[PDB]
Amino acid sequence: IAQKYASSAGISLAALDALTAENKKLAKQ
Amino acid sequence: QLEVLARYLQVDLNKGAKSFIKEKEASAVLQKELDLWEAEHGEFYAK
């Protein structure tokens, strides 16, 4: 009955960045 | 700019030059052995 009550109420119970950092390593240099 | 692109692409700009001077002392070694033959034996015998 609580389930219905809860229902009724609605309240229930990678390397890509390694490639990226080497690109900024070039531009920083 | 040339060094920092060679740093990026992991390109050694002197790999050819380091291997040039390392075979040039290696061909100086065999020359130092080759003239030990001609100093010992002579030019007519060697020819």
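Only this structure's heavy atoms are used, side chains among them; waters, hydrogens and symmetry mates stay out. In what follows, every chain begins at residue 1, and chains take the letters A, B, ... in the order their sequences are listed.
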Euclidean distance, B/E3 CD relative to A/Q29 CD, rounded to 0.5 Å:
11.0 Å

Would one find more than 12 heavy atoms of other residues, nucleotides or ligands at under 6.0 Å from atom CG of A/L16?
no

NZ (B/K24) with more than 12 external heavy atoms under 6.0 Å
yes

Shortest non-hydrogen contact from A/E22 toward B/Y8:
O-CE1, 3.4 Å

Membership question, hydrophobic clusters at under 4.5 Å side-chain separation (ILVMFWY): are B/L34 and B/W37 in the same one?
no

Criterion side chain to side chain contact (heavy atoms under 4.5 Å, CB included) on B/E33 and B/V29, from CA distance to verdict:
CA-CA 6 Å; B/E33 297 176 355; B/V29 163; 4.1 Å; yes

Linking I/L/V/M/F/W/Y whenever their side-chain heavy atoms sit closer than 4.5 Å, directly or via other members, would B/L30 and B/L36 fall into one cluster?
no

More than 12 heavy atoms from other groups under 6.0 Å of CD on B/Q31
yes

For the atom pair CG (B/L2) and CZ (B/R7), what is the distance rounded to the nearest 0.5 Å?
11.0 Å

